[PDB]
>>> print(open('input-v7.cif').read())   # mmCIF, C-alpha atoms and all ligand atoms; chains and numbers go by the auth columns
data_target
loop_
_atom_site.group_PDB
_atom_site.id
_atom_site.type_symbol
_atom_site.label_atom_id
_atom_site.label_comp_id
_atom_site.label_asym_id
_atom_site.label_seq_id
_atom_site.Cartn_x
_atom_site.Cartn_y
_atom_site.Cartn_z
_atom_site.B_iso_or_equiv
_atom_site.auth_seq_id
_atom_site.auth_asym_id
ATOM 1 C CA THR A 1 12.894 12.002 7.424 0.00 2 A
ATOM 2 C CA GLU A 2 11.929 8.412 8.376 0.00 3 A
ATOM 3 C CA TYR A 3 8.400 7.293 7.299 0.00 4 A
ATOM 4 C CA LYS A 4 7.359 3.636 7.857 0.00 5 A
ATOM 5 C CA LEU A 5 5.029 2.813 4.921 0.00 6 A
ATOM 6 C CA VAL A 6 3.103 -0.503 4.700 0.00 7 A
ATOM 7 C CA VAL A 7 1.926 -1.842 1.298 0.00 8 A
ATOM 8 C CA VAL A 8 -1.161 -3.880 2.360 0.00 9 A
ATOM 9 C CA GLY A 9 -3.376 -5.834 -0.068 0.00 10 A
ATOM 10 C CA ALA A 10 -4.566 -9.322 -0.983 0.00 11 A
ATOM 11 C CA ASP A 11 -2.180 -11.881 -2.401 0.00 12 A
ATOM 12 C CA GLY A 12 -1.501 -11.124 -6.072 0.00 13 A
ATOM 13 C CA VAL A 13 -2.475 -7.433 -6.476 0.00 14 A
ATOM 14 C CA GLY A 14 1.178 -6.524 -7.138 0.00 15 A
ATOM 15 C CA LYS A 15 2.332 -5.206 -3.729 0.00 16 A
ATOM 16 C CA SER A 16 5.824 -6.718 -4.270 0.00 17 A
ATOM 17 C CA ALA A 17 5.951 -5.481 -7.851 0.00 18 A
ATOM 18 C CA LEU A 18 5.102 -1.983 -6.604 0.00 19 A
ATOM 19 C CA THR A 19 7.709 -2.341 -3.882 0.00 20 A
ATOM 20 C CA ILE A 20 10.514 -3.453 -6.201 0.00 21 A
ATOM 21 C CA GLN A 21 9.599 -0.779 -8.768 0.00 22 A
ATOM 22 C CA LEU A 22 9.973 2.175 -6.303 0.00 23 A
ATOM 23 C CA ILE A 23 13.203 0.702 -4.788 0.00 24 A
ATOM 24 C CA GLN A 24 15.000 -0.589 -7.985 0.00 25 A
ATOM 25 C CA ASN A 25 13.092 1.010 -10.993 0.00 26 A
ATOM 26 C CA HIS A 26 12.305 -2.311 -12.741 0.00 27 A
ATOM 27 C CA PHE A 27 9.406 -4.707 -13.135 0.00 28 A
ATOM 28 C CA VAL A 28 10.057 -8.045 -11.385 0.00 29 A
ATOM 29 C CA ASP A 29 7.919 -10.796 -12.972 0.00 30 A
ATOM 30 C CA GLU A 30 8.338 -13.345 -10.122 0.00 31 A
ATOM 31 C CA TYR A 31 8.848 -12.165 -6.500 0.00 32 A
ATOM 32 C CA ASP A 32 8.092 -14.990 -4.016 0.00 33 A
ATOM 33 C CA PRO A 33 4.449 -14.617 -2.895 0.00 34 A
ATOM 34 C CA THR A 34 5.416 -16.240 0.437 0.00 35 A
ATOM 35 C CA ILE A 35 8.026 -13.504 1.175 0.00 36 A
ATOM 36 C CA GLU A 36 6.992 -10.563 3.414 0.00 37 A
ATOM 37 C CA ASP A 37 9.924 -8.067 3.572 0.00 38 A
ATOM 38 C CA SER A 38 10.807 -4.394 4.305 0.00 39 A
ATOM 39 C CA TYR A 39 12.749 -2.030 1.946 0.00 40 A
ATOM 40 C CA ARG A 40 14.166 1.515 2.370 0.00 41 A
ATOM 41 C CA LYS A 41 14.600 4.092 -0.390 0.00 42 A
ATOM 42 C CA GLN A 42 16.226 7.421 0.340 0.00 43 A
ATOM 43 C CA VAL A 43 14.298 9.743 -1.954 0.00 44 A
ATOM 44 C CA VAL A 44 13.840 13.507 -1.706 0.00 45 A
ATOM 45 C CA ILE A 45 10.128 14.390 -1.612 0.00 46 A
ATOM 46 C CA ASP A 46 9.276 18.115 -2.014 0.00 47 A
ATOM 47 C CA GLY A 47 12.608 19.375 -0.684 0.00 48 A
ATOM 48 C CA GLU A 48 12.896 16.978 2.244 0.00 49 A
ATOM 49 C CA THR A 49 15.122 13.931 2.045 0.00 50 A
ATOM 50 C CA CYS A 50 12.905 11.072 3.215 0.00 51 A
ATOM 51 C CA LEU A 51 13.960 7.566 4.279 0.00 52 A
ATOM 52 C CA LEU A 52 10.791 5.639 3.295 0.00 53 A
ATOM 53 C CA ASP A 53 10.860 2.227 5.041 0.00 54 A
ATOM 54 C CA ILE A 54 8.241 0.273 2.984 0.00 55 A
ATOM 55 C CA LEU A 55 6.946 -3.097 4.343 0.00 56 A
ATOM 56 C CA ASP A 56 5.573 -5.416 1.617 0.00 57 A
ATOM 57 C CA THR A 57 3.138 -7.465 3.742 0.00 58 A
ATOM 58 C CA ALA A 58 2.796 -10.741 1.837 0.00 59 A
ATOM 59 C CA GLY A 59 2.723 -14.198 3.474 0.00 60 A
ATOM 60 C CA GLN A 60 0.132 -16.113 5.552 0.00 61 A
ATOM 61 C CA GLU A 61 -2.741 -14.655 7.622 0.00 62 A
ATOM 62 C CA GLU A 62 -1.522 -14.197 11.224 0.00 63 A
ATOM 63 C CA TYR A 63 -2.657 -11.680 13.890 0.00 64 A
ATOM 64 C CA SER A 64 -0.164 -12.214 16.759 0.00 65 A
ATOM 65 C CA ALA A 65 0.468 -9.568 19.402 0.00 66 A
ATOM 66 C CA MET A 66 3.926 -9.207 17.840 0.00 67 A
ATOM 67 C CA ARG A 67 2.337 -8.371 14.502 0.00 68 A
ATOM 68 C CA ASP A 68 -0.023 -5.771 15.955 0.00 69 A
ATOM 69 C CA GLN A 69 2.740 -3.783 17.625 0.00 70 A
ATOM 70 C CA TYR A 70 4.626 -4.102 14.347 0.00 71 A
ATOM 71 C CA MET A 71 1.881 -2.656 12.121 0.00 72 A
ATOM 72 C CA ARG A 72 1.236 -0.012 14.769 0.00 73 A
ATOM 73 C CA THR A 73 4.735 1.375 14.152 0.00 74 A
ATOM 74 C CA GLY A 74 3.659 1.688 10.510 0.00 75 A
ATOM 75 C CA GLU A 75 2.734 5.326 10.090 0.00 76 A
ATOM 76 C CA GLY A 76 1.189 5.206 6.597 0.00 77 A
ATOM 77 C CA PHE A 77 -0.444 2.546 4.418 0.00 78 A
ATOM 78 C CA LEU A 78 -0.875 1.714 0.691 0.00 79 A
ATOM 79 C CA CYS A 79 -4.164 -0.217 0.320 0.00 80 A
ATOM 80 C CA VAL A 80 -3.287 -2.025 -2.896 0.00 81 A
ATOM 81 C CA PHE A 81 -5.912 -3.784 -5.035 0.00 82 A
ATOM 82 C CA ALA A 82 -5.796 -4.885 -8.705 0.00 83 A
ATOM 83 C CA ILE A 83 -8.167 -3.477 -11.372 0.00 84 A
ATOM 84 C CA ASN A 84 -8.324 -7.076 -12.765 0.00 85 A
ATOM 85 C CA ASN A 85 -9.700 -8.670 -9.524 0.00 86 A
ATOM 86 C CA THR A 86 -12.929 -7.700 -7.676 0.00 87 A
ATOM 87 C CA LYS A 87 -12.216 -9.716 -4.526 0.00 88 A
ATOM 88 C CA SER A 88 -9.071 -7.614 -4.361 0.00 89 A
ATOM 89 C CA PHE A 89 -11.248 -4.473 -4.350 0.00 90 A
ATOM 90 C CA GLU A 90 -13.651 -5.922 -1.750 0.00 91 A
ATOM 91 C CA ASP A 91 -10.630 -6.802 0.459 0.00 92 A
ATOM 92 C CA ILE A 92 -9.593 -3.102 0.683 0.00 93 A
ATOM 93 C CA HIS A 93 -12.219 -2.557 3.450 0.00 94 A
ATOM 94 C CA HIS A 94 -10.729 -5.479 5.452 0.00 95 A
ATOM 95 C CA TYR A 95 -7.224 -3.966 5.293 0.00 96 A
ATOM 96 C CA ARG A 96 -8.515 -0.484 6.349 0.00 97 A
ATOM 97 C CA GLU A 97 -10.180 -1.946 9.453 0.00 98 A
ATOM 98 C CA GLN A 98 -7.054 -3.800 10.623 0.00 99 A
ATOM 99 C CA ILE A 99 -5.309 -0.423 10.307 0.00 100 A
ATOM 100 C CA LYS A 100 -8.048 1.452 12.241 0.00 101 A
ATOM 101 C CA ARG A 101 -7.756 -1.313 14.904 0.00 102 A
ATOM 102 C CA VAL A 102 -3.932 -1.419 15.361 0.00 103 A
ATOM 103 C CA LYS A 103 -3.629 2.381 15.172 0.00 104 A
ATOM 104 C CA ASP A 104 -6.412 3.154 17.696 0.00 105 A
ATOM 105 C CA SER A 105 -7.156 6.062 15.372 0.00 106 A
ATOM 106 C CA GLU A 106 -9.796 7.041 12.900 0.00 107 A
ATOM 107 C CA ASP A 107 -7.216 9.248 11.197 0.00 108 A
ATOM 108 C CA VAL A 108 -4.377 7.141 9.799 0.00 109 A
ATOM 109 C CA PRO A 109 -2.736 8.214 6.507 0.00 110 A
ATOM 110 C CA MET A 110 -3.720 5.855 3.694 0.00 111 A
ATOM 111 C CA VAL A 111 -3.733 5.819 -0.072 0.00 112 A
ATOM 112 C CA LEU A 112 -5.986 3.574 -2.226 0.00 113 A
ATOM 113 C CA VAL A 113 -3.973 1.951 -5.069 0.00 114 A
ATOM 114 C CA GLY A 114 -5.679 0.348 -8.110 0.00 115 A
ATOM 115 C CA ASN A 115 -2.667 -1.627 -9.331 0.00 116 A
ATOM 116 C CA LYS A 116 -2.166 -3.395 -12.709 0.00 117 A
ATOM 117 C CA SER A 117 -3.665 -0.498 -14.673 0.00 118 A
ATOM 118 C CA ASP A 118 -2.039 -1.644 -17.922 0.00 119 A
ATOM 119 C CA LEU A 119 -4.066 -4.876 -18.203 0.00 120 A
ATOM 120 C CA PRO A 120 -7.206 -4.723 -20.449 0.00 121 A
ATOM 121 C CA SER A 121 -9.266 -6.825 -17.968 0.00 122 A
ATOM 122 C CA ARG A 122 -10.565 -4.019 -15.691 0.00 123 A
ATOM 123 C CA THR A 123 -13.187 -5.498 -13.301 0.00 124 A
ATOM 124 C CA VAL A 124 -13.090 -2.579 -10.810 0.00 125 A
ATOM 125 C CA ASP A 125 -14.393 0.761 -12.061 0.00 126 A
ATOM 126 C CA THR A 126 -12.470 3.975 -11.588 0.00 127 A
ATOM 127 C CA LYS A 127 -15.649 5.494 -10.114 0.00 128 A
ATOM 128 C CA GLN A 128 -15.930 2.633 -7.611 0.00 129 A
ATOM 129 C CA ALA A 129 -12.372 3.181 -6.443 0.00 130 A
ATOM 130 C CA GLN A 130 -12.949 6.899 -6.298 0.00 131 A
ATOM 131 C CA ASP A 131 -16.141 6.218 -4.356 0.00 132 A
ATOM 132 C CA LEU A 132 -14.276 3.958 -2.005 0.00 133 A
ATOM 133 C CA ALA A 133 -11.529 6.565 -1.709 0.00 134 A
ATOM 134 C CA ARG A 134 -13.925 9.421 -1.050 0.00 135 A
ATOM 135 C CA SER A 135 -15.733 7.530 1.675 0.00 136 A
ATOM 136 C CA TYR A 136 -12.435 7.050 3.511 0.00 137 A
ATOM 137 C CA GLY A 137 -11.039 10.560 3.244 0.00 138 A
ATOM 138 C CA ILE A 138 -8.105 9.098 1.300 0.00 139 A
ATOM 139 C CA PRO A 139 -6.615 9.679 -2.157 0.00 140 A
ATOM 140 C CA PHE A 140 -7.178 7.120 -4.900 0.00 141 A
ATOM 141 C CA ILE A 141 -4.284 6.327 -7.313 0.00 142 A
ATOM 142 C CA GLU A 142 -4.321 3.980 -10.382 0.00 143 A
ATOM 143 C CA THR A 143 -0.797 2.488 -10.822 0.00 144 A
ATOM 144 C CA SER A 144 1.140 0.024 -13.049 0.00 145 A
ATOM 145 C CA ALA A 145 4.153 -1.727 -11.555 0.00 146 A
ATOM 146 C CA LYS A 146 4.855 -3.222 -14.980 0.00 147 A
ATOM 147 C CA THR A 147 5.209 0.334 -16.298 0.00 148 A
ATOM 148 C CA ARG A 148 5.771 2.295 -13.069 0.00 149 A
ATOM 149 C CA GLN A 149 2.774 4.520 -13.832 0.00 150 A
ATOM 150 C CA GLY A 150 1.598 6.248 -10.680 0.00 151 A
ATOM 151 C CA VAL A 151 4.124 4.318 -8.521 0.00 152 A
ATOM 152 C CA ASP A 152 6.105 7.312 -7.270 0.00 153 A
ATOM 153 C CA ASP A 153 2.948 9.409 -7.155 0.00 154 A
ATOM 154 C CA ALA A 154 1.333 6.751 -4.911 0.00 155 A
ATOM 155 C CA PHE A 155 4.119 6.388 -2.302 0.00 156 A
ATOM 156 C CA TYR A 156 4.872 10.146 -2.520 0.00 157 A
ATOM 157 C CA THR A 157 1.177 11.050 -1.960 0.00 158 A
ATOM 158 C CA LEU A 158 1.143 8.688 1.067 0.00 159 A
ATOM 159 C CA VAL A 159 4.039 10.642 2.611 0.00 160 A
ATOM 160 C CA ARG A 160 2.382 13.953 1.742 0.00 161 A
ATOM 161 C CA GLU A 161 -0.565 12.529 3.631 0.00 162 A
ATOM 162 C CA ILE A 162 1.661 11.521 6.524 0.00 163 A
ATOM 163 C CA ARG A 163 3.071 15.040 6.345 0.00 164 A
ATOM 164 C CA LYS A 164 -0.461 16.395 6.679 0.00 165 A
ATOM 165 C CA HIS A 165 -1.288 14.072 9.617 0.00 166 A
ATOM 166 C CA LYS A 166 1.708 15.422 11.593 0.00 167 A
ATOM 167 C CA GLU A 167 0.891 19.164 11.228 0.00 168 A
ATOM 168 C CA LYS A 168 -2.437 18.085 12.768 0.00 169 A
HETATM 169 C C1 LIG B . -2.972 -6.839 6.350 0.00 201 B
HETATM 170 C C2 LIG B . -2.866 -6.298 7.394 0.00 201 B
HETATM 171 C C3 LIG B . -2.717 -5.671 8.774 0.00 201 B
HETATM 172 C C4 LIG B . -2.729 -4.260 8.775 0.00 201 B
HETATM 173 F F1 LIG B . -2.879 -3.469 7.674 0.00 201 B
HETATM 174 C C5 LIG B . -2.592 -3.616 10.012 0.00 201 B
HETATM 175 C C6 LIG B . -2.445 -4.399 11.165 0.00 201 B
HETATM 176 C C7 LIG B . -2.437 -5.816 11.111 0.00 201 B
HETATM 177 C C8 LIG B . -2.272 -6.540 12.308 0.00 201 B
HETATM 178 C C9 LIG B . -2.256 -7.936 12.265 0.00 201 B
HETATM 179 O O1 LIG B . -2.110 -8.640 13.461 0.00 201 B
HETATM 180 C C10 LIG B . -2.386 -8.646 11.089 0.00 201 B
HETATM 181 C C11 LIG B . -2.566 -7.921 9.938 0.00 201 B
HETATM 182 C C12 LIG B . -2.651 -8.965 8.801 0.00 201 B
HETATM 183 N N1 LIG B . -1.567 -9.653 8.415 0.00 201 B
HETATM 184 C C13 LIG B . -1.644 -10.521 7.385 0.00 201 B
HETATM 185 C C14 LIG B . -2.859 -10.719 6.672 0.00 201 B
HETATM 186 C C15 LIG B . -2.957 -11.621 5.593 0.00 201 B
HETATM 187 N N2 LIG B . -1.685 -12.288 5.290 0.00 201 B
HETATM 188 C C16 LIG B . -2.323 -13.395 4.243 0.00 201 B
HETATM 189 C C17 LIG B . -1.954 -13.240 2.759 0.00 201 B
HETATM 190 C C18 LIG B . -2.786 -12.087 2.032 0.00 201 B
HETATM 191 C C19 LIG B . -2.047 -10.928 2.345 0.00 201 B
HETATM 192 C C20 LIG B . -0.723 -11.486 2.917 0.00 201 B
HETATM 193 C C21 LIG B . -0.739 -11.238 4.407 0.00 201 B
HETATM 194 N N3 LIG B . -0.758 -12.792 2.614 0.00 201 B
HETATM 195 N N4 LIG B . -4.083 -11.794 4.971 0.00 201 B
HETATM 196 C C22 LIG B . -5.160 -11.116 5.328 0.00 201 B
HETATM 197 O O2 LIG B . -6.516 -10.759 5.231 0.00 201 B
HETATM 198 C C23 LIG B . -7.060 -11.175 3.973 0.00 201 B
HETATM 199 C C24 LIG B . -8.484 -11.906 4.034 0.00 201 B
HETATM 200 C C25 LIG B . -8.655 -12.696 2.976 0.00 201 B
HETATM 201 C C26 LIG B . -9.009 -14.238 3.522 0.00 201 B
HETATM 202 C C27 LIG B . -9.493 -14.124 4.785 0.00 201 B
HETATM 203 N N5 LIG B . -8.797 -12.875 5.340 0.00 201 B
HETATM 204 C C28 LIG B . -9.673 -12.221 6.115 0.00 201 B
HETATM 205 C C29 LIG B . -10.325 -10.918 5.196 0.00 201 B
HETATM 206 F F2 LIG B . -11.568 -11.189 4.709 0.00 201 B
HETATM 207 C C30 LIG B . -9.568 -10.732 4.112 0.00 201 B
HETATM 208 N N6 LIG B . -5.113 -10.230 6.380 0.00 201 B
HETATM 209 C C31 LIG B . -3.946 -10.021 7.058 0.00 201 B
HETATM 210 C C32 LIG B . -3.821 -9.143 8.135 0.00 201 B
HETATM 211 F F3 LIG B . -4.697 -8.321 8.758 0.00 201 B
HETATM 212 C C33 LIG B . -2.578 -6.495 9.934 0.00 201 B
HETATM 213 N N1 LIG B . 0.729 -6.700 -15.882 0.00 202 B
HETATM 214 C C1 LIG B . 1.000 -6.413 -14.594 0.00 202 B
HETATM 215 N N2 LIG B . 1.287 -7.441 -13.773 0.00 202 B
HETATM 216 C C2 LIG B . 1.567 -7.218 -12.479 0.00 202 B
HETATM 217 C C3 LIG B . 1.564 -5.852 -11.964 0.00 202 B
HETATM 218 N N3 LIG B . 1.868 -5.933 -10.663 0.00 202 B
HETATM 219 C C4 LIG B . 2.056 -7.244 -10.377 0.00 202 B
HETATM 220 N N4 LIG B . 1.879 -8.001 -11.466 0.00 202 B
HETATM 221 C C5 LIG B . 1.986 -9.466 -11.573 0.00 202 B
HETATM 222 O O1 LIG B . 1.229 -10.067 -10.530 0.00 202 B
HETATM 223 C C6 LIG B . 1.898 -11.224 -10.047 0.00 202 B
HETATM 224 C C7 LIG B . 1.806 -11.235 -8.535 0.00 202 B
HETATM 225 O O2 LIG B . 2.208 -9.959 -8.064 0.00 202 B
HETATM 226 P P1 LIG B . 3.014 -9.860 -6.691 0.00 202 B
HETATM 227 O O3 LIG B . 3.904 -8.660 -6.806 0.00 202 B
HETATM 228 O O4 LIG B . 3.605 -11.211 -6.388 0.00 202 B
HETATM 229 O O5 LIG B . 1.804 -9.526 -5.690 0.00 202 B
HETATM 230 P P2 LIG B . 1.718 -9.886 -4.130 0.00 202 B
HETATM 231 O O6 LIG B . 1.556 -11.380 -4.073 0.00 202 B
HETATM 232 O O7 LIG B . 0.497 -9.107 -3.729 0.00 202 B
HETATM 233 O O8 LIG B . 2.981 -9.385 -3.505 0.00 202 B
HETATM 234 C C8 LIG B . 3.340 -11.139 -10.521 0.00 202 B
HETATM 235 O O9 LIG B . 3.667 -12.300 -11.287 0.00 202 B
HETATM 236 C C9 LIG B . 3.420 -9.923 -11.409 0.00 202 B
HETATM 237 O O10 LIG B . 3.948 -10.310 -12.676 0.00 202 B
HETATM 238 C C10 LIG B . 1.240 -4.788 -12.927 0.00 202 B
HETATM 239 O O11 LIG B . 1.209 -3.600 -12.571 0.00 202 B
HETATM 240 N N5 LIG B . 0.973 -5.138 -14.185 0.00 202 B
HETATM 241 MG MG MG B . 4.363 -10.540 -3.028 0.00 203 B
#
>>> encode(input="input-v7.cif", output="structure tokens")
Amino acid sequence: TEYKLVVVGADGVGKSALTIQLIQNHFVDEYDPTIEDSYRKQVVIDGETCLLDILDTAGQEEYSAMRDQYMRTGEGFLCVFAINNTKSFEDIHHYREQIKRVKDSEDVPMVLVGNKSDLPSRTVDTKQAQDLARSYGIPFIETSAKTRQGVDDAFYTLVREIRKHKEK
């Protein structure tokens, strides 16, 4: 039923666009980059009604004790980079290690997301992202918030992952 998802990623990669697409089915062209906020979507995934509580983490860099305990209640994570930025791909490792830290676990459900797949300025290879996703034991998804491609499939896969982490 309830699954706390966290869309992590560097400023700009389209975490808020991928949030507002899953929740409202439209491309927002200007969501405040200083606004970090949570959003729930009741969707039915594979027979089971699921209240996905998605946190779009997007503000300033803080690491308070409050924020640890907060991201430790996050059960699953979308590591969101943009195909049109390399720093955004190199930041995916950083996000994964903050998750491994706050979760005290090597085995936390994650899904690599190569956002902005519609732009013709690919700087991050699909092989790279598959290589980075195969080293983590996580699925890799290429998405487009502008065109919703892979959006559902991304968040849905993450919950399928979280489903598989619970039967373990
Ligand atoms: C996330 C998360 C995160 C998790 F998944 C899990 C647990 C966490 C527990 C924390 O206590 C705290 C976090 C946490 N919260 C906010 C961060 C952040 N703010 C700044 C901007 C860019 C995103 C958004 C959010 N707005 N930015 C960067 O890291 C980016 C880089 C780029 C410049 C320097 N830093 C150091 C690294 F090299 C990479 N990390 C952040 C971070 F860990 C956590
Ligand atoms: N073309 C395209 N632009 C995107 C996509 N996702 C986000 N953007 C753009 O990237 C900019 C910043 O994205 P935002 O959602 O603010 O990312 P955040 O700062 O990581 O939350 C926005 O102006 C969006 O128009 C996408 O899939 N395709
Ligand atoms: Mg944002």
>>> residues_around(input="input-v7.cif", residues="residue 113 in chain A", least_positions_apart="6", cutoff="9 Å", atoms="all atoms listed in the file", output="JSON, numbers by chain")
{"A": [78, 79, 80, 81, 82, 93, 130, 131, 133, 134, 139, 140, 141, 142, 143, 155]}
>>> axis_aligned_box(input="input-v7.cif", around="range 71-77 of chain A", padding_each_side="6 Å", output="lines of an AutoDock Vina configuration file")
center_x = 3.0
center_y = 0.6
center_z = 10.7
size_x = 15.5
size_y = 21.4
size_z = 20.2
>>> residues_near_ligand(input="input-v7.cif", ligand="ligand LIG 201 (chain B)", cutoff="7 Å", atoms="only C-alpha atoms and all ligand atoms", output="number ranges by chain")
A: 9-12, 58-66, 68-69, 72-73, 92, 95-97, 99-100, 103
>>> write_last_selection(input="input-v7.cif", atoms="C-alpha atoms", output="CSV table (one decimal), keeping the file's coordinate frame")
chain,number,residue,atom,x,y,z
A,9,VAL,CA,-1.2,-3.9,2.4
A,10,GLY,CA,-3.4,-5.8,-0.1
A,11,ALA,CA,-4.6,-9.3,-1.0
A,12,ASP,CA,-2.2,-11.9,-2.4
A,58,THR,CA,3.1,-7.5,3.7
A,59,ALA,CA,2.8,-10.7,1.8
A,60,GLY,CA,2.7,-14.2,3.5
A,61,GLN,CA,0.1,-16.1,5.6
A,62,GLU,CA,-2.7,-14.7,7.6
A,63,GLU,CA,-1.5,-14.2,11.2
A,64,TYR,CA,-2.7,-11.7,13.9
A,65,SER,CA,-0.2,-12.2,16.8
A,66,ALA,CA,0.5,-9.6,19.4
A,68,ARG,CA,2.3,-8.4,14.5
A,69,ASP,CA,0.0,-5.8,16.0
A,72,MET,CA,1.9,-2.7,12.1
A,73,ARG,CA,1.2,0.0,14.8
A,92,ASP,CA,-10.6,-6.8,0.5
A,95,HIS,CA,-10.7,-5.5,5.5
A,96,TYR,CA,-7.2,-4.0,5.3
A,97,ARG,CA,-8.5,-0.5,6.3
A,99,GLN,CA,-7.1,-3.8,10.6
A,100,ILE,CA,-5.3,-0.4,10.3
A,103,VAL,CA,-3.9,-1.4,15.4
>>> resolve_selection(input="input-v7.cif", expression="the PyMOL selection byres (((not hetatm)) within 6 of (chain B and resi 203))", output="PyMOL selection string")
chain A and resi 16-17+32-34+59
>>> closest_atom_pairs(input="input-v7.cif", of="chain A", to="ligand LIG 202 (chain B)", cutoff="8 Å", atoms="only C-alpha atoms and all ligand atoms", output="Markdown table")
| residue | atom | partner | partner_atom | distance |
| --- | --- | --- | --- | --- |
| A:10 | CA | B:LIG202 | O7 | 6.3 |
| A:11 | CA | B:LIG202 | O7 | 5.8 |
| A:12 | CA | B:LIG202 | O7 | 4.1 |
| A:13 | CA | B:LIG202 | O6 | 3.7 |
| A:14 | CA | B:LIG202 | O7 | 4.4 |
| A:15 | CA | B:LIG202 | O5 | 3.4 |
| A:16 | CA | B:LIG202 | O8 | 4.2 |
| A:17 | CA | B:LIG202 | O3 | 3.7 |
| A:18 | CA | B:LIG202 | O3 | 3.9 |
| A:19 | CA | B:LIG202 | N3 | 6.5 |
| A:20 | CA | B:LIG202 | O3 | 7.9 |
| A:28 | CA | B:LIG202 | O10 | 7.8 |
| A:29 | CA | B:LIG202 | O10 | 6.6 |
| A:30 | CA | B:LIG202 | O10 | 4.0 |
| A:31 | CA | B:LIG202 | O9 | 4.9 |
| A:32 | CA | B:LIG202 | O4 | 5.3 |
| A:33 | CA | B:LIG202 | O4 | 6.3 |
| A:34 | CA | B:LIG202 | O6 | 4.5 |
| A:35 | CA | B:LIG202 | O6 | 7.7 |
| A:57 | CA | B:LIG202 | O8 | 7.0 |
| A:58 | CA | B:LIG202 | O8 | 7.5 |
| A:59 | CA | B:LIG202 | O8 | 5.5 |
| A:83 | CA | B:LIG202 | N3 | 8.0 |
| A:116 | CA | B:LIG202 | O11 | 5.4 |
| A:117 | CA | B:LIG202 | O11 | 3.4 |
| A:118 | CA | B:LIG202 | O11 | 6.1 |
| A:119 | CA | B:LIG202 | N5 | 5.9 |
| A:120 | CA | B:LIG202 | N1 | 5.6 |
| A:144 | CA | B:LIG202 | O11 | 6.6 |
| A:145 | CA | B:LIG202 | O11 | 3.7 |
| A:146 | CA | B:LIG202 | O11 | 3.6 |
| A:147 | CA | B:LIG202 | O11 | 4.4 |
| A:148 | CA | B:LIG202 | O11 | 6.7 |
| A:149 | CA | B:LIG202 | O11 | 7.5 |
>>> residues_around(input="input-v7.cif", residues="residue 53 in chain A", least_positions_apart="6", cutoff="12 Å", atoms="all atoms listed in the file", output="PyMOL selection string")
chain A and resi 2-8+20+23-24+39-46+75-78+153+156-157+159-161+163
>>> atom_distance(input="input-v7.cif", atom1="CA of residue 112 in chain A", atom2="CA of residue 162 in chain A")
8.3 Å
>>> closest_residue(input="input-v7.cif", among="A:56, A:136, A:22, A:165", to="residue 36 in chain A", atoms="all atoms listed in the file")
A:56
>>> closest_residue(input="input-v7.cif", among="A:27, A:169, A:123, A:135", to="residue 86 in chain A", atoms="all atoms listed in the file")
A:123
>>> atom_distance(input="input-v7.cif", atom1="CA of residue 94 in chain A", atom2="CA of residue 124 in chain A")
17.0 Å
>>> atom_distance(input="input-v7.cif", atom1="CA of residue 85 in chain A", atom2="CA of residue 126 in chain A")
9.9 Å
>>> closest_residue(input="input-v7.cif", among="A:152, A:21, A:67, A:125", to="residue 87 in chain A", atoms="all atoms listed in the file")
A:125
>>> closest_residue(input="input-v7.cif", among="A:167, A:84, A:138, A:37", to="residue 122 in chain A", atoms="only C-alpha atoms")
A:84
>>> build_atoms(input="input-v7.cif", residues="range 36-46 of chain A", atoms="N, CA and C atoms", output="PDB file, keeping the file's coordinate frame")
ATOM      1  N   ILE A  36       6.971 -14.328   0.509  1.00  0.00           N
ATOM      2  CA  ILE A  36       8.026 -13.504   1.175  1.00  0.00           C
ATOM      3  C   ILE A  36       7.488 -12.133   1.595  1.00  0.00           C
ATOM      4  N   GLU A  37       7.387 -11.896   2.905  1.00  0.00           N
ATOM      5  CA  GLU A  37       6.992 -10.563   3.414  1.00  0.00           C
ATOM      6  C   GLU A  37       8.288  -9.870   3.815  1.00  0.00           C
ATOM      7  N   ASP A  38       8.600  -8.685   3.277  1.00  0.00           N
ATOM      8  CA  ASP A  38       9.924  -8.067   3.572  1.00  0.00           C
ATOM      9  C   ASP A  38       9.835  -6.542   3.580  1.00  0.00           C
ATOM     10  N   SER A  39      10.784  -5.877   4.240  1.00  0.00           N
ATOM     11  CA  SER A  39      10.807  -4.394   4.305  1.00  0.00           C
ATOM     12  C   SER A  39      11.918  -3.848   3.404  1.00  0.00           C
ATOM     13  N   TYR A  40      11.758  -2.632   2.875  1.00  0.00           N
ATOM     14  CA  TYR A  40      12.749  -2.030   1.946  1.00  0.00           C
ATOM     15  C   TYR A  40      12.796  -0.515   2.153  1.00  0.00           C
ATOM     16  N   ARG A  41      13.980   0.087   2.194  1.00  0.00           N
ATOM     17  CA  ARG A  41      14.166   1.515   2.370  1.00  0.00           C
ATOM     18  C   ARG A  41      14.707   2.116   1.086  1.00  0.00           C
ATOM     19  N   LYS A  42      14.167   3.277   0.739  1.00  0.00           N
ATOM     20  CA  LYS A  42      14.600   4.092  -0.390  1.00  0.00           C
ATOM     21  C   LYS A  42      14.812   5.507   0.121  1.00  0.00           C
ATOM     22  N   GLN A  43      16.049   5.994   0.097  1.00  0.00           N
ATOM     23  CA  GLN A  43      16.226   7.421   0.340  1.00  0.00           C
ATOM     24  C   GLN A  43      15.805   8.142  -0.927  1.00  0.00           C
ATOM     25  N   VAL A  44      14.675   8.832  -0.883  1.00  0.00           N
ATOM     26  CA  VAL A  44      14.298   9.743  -1.954  1.00  0.00           C
ATOM     27  C   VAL A  44      14.014  11.103  -1.336  1.00  0.00           C
ATOM     28  N   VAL A  45      14.148  12.149  -2.140  1.00  0.00           N
ATOM     29  CA  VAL A  45      13.840  13.507  -1.706  1.00  0.00           C
ATOM     30  C   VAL A  45      12.437  13.825  -2.188  1.00  0.00           C
ATOM     31  N   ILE A  46      11.517  14.083  -1.265  1.00  0.00           N
ATOM     32  CA  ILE A  46      10.128  14.390  -1.612  1.00  0.00           C
ATOM     33  C   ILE A  46       9.801  15.833  -1.190  1.00  0.00           C
TER      34      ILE A  46
END
